[PDB]
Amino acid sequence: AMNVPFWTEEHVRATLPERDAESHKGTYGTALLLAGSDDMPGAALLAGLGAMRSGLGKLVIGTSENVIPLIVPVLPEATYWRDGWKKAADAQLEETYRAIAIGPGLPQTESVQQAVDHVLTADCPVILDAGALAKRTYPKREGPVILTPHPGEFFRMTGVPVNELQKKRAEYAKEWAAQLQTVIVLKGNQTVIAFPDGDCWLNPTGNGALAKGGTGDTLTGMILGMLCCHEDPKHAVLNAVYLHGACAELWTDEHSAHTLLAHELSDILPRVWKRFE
C-alpha cells in the first residue's frame, strides 16, 4: 500500500561481504548471545548455530549454566559466559563485542530489561528478541537497536492489536521504527524491515515451512553473525532475513513444508549463501 520495495536477489548479491585470504577471526569480530534459560534451553542452541553459521569470528554465549552442556556437543566452536544474561542485569559489559543479541529463550521479566539497559550502553549493534521485547523506549546511543517481533510481540510493544496490525503491516512497522528510533523486523509472510531513518523493505523469501517453533531464534542468530561480517548493519539485517527465507525455499524443493525443523535452516545456509556469491 506504501509501495515498500522488496530486498531482492540483486541487492543481496551486491552487498554480501567477501572473506578475504588475508583475514583472521578478529577481522569478523566476537558476538555475544544472551539467550537460553533452564525452562527454555533450545533457543540458545538455535540462535548459537544461526550466529556461528553467519560469518562471525567468535561467539560467546551468555546462557544459563545448565544449558551450556546442551550446546557443546552440537556447537563445540562456541565459548561461554556462564549465566551471562543474568549477570548482565548487574553490571555494564567489561568486554567489547562486535554485536550483541538478547532475548531468545529468556523470560519476559524486569531483570531481562535490566540486562537490556546494560547491553545498550555498549557501542555496537544490539538485537532484542523474544523475552527482551517489551513496551518501552530506548536511549540515544551509537549503534542500531534491532527489534525482531512477530505480530504478537509487536502488540505487546505498542498495543496495536494483531488483527489491526496485519491489515497495514508496513505502515505500523515504519511508524513505530520512527517513534522508537529502532530497526523493526516485523515477522511473518513478507517480513517488513523498517529502519528509524525511514528506509523500509519487504522480504520476498520464505514459506510456511518456517511457521513452526524455533525458526525465529535461528534468524536472530543469523542477524547477529551477519552484523559481524557486513560493514553496513542495514545490509546485515536485510541479508539475514532474506537468506533465512531462502533456506526454507531450498528445503521445499524436495521436502514437505510441514516437516522442516529450524536447526536445519543453519545446515542449509552454507549452500544457499554460496549461490548468492
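Note that residue numbering follows the sequence shown and begins at 1.
Trainee: What stretch has the higher average Cα B-factor here, 121-129 or 71-79?
Mentor: Per the deposited B-factors, the answer is 121-129.
Trainee: Averaging only over Cα atoms, indicate whether 6-14 or 255-263 has the higher B-factor in the PDB entry.
Mentor: It is 6-14.
Trainee: In this PDB entry, which of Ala101, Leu147, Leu106, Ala91 has the top CA B-factor?
Mentor: By C-alpha B-factor in the record, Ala91 ranks first.
Trainee: Lowest, middle or highest third: which one holds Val192 when the chain's residues are ordered by CA B-factor from the entry?
Mentor: According to the entry, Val192 has a C-alpha B-factor in the chain's middle third.
Trainee: Compare the C-alpha B factor of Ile268 with those of the other modelled residues in its chain, then answer lowest, middle or highest third.
Mentor: CA B-factor rank for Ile268: middle third.
Trainee: Classify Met157 as lowest, middle or highest third according to the C-alpha B-factor given in the PDB entry, relative to its own chain.
Mentor: Highest third - that is where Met157 ends up once the chain's C-alpha B-factors are sorted.
Trainee: Looking at the C-alpha B-factor of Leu165, is it in the lowest, middle or highest third of its chain?
Mentor: It falls in the top third of the chain.
Trainee: Determine, from the deposited record, the chain-internal third of the Cα B-factor for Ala178: lowest, middle or highest.
Mentor: Middle third of the chain for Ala178's C-alpha B-factor.
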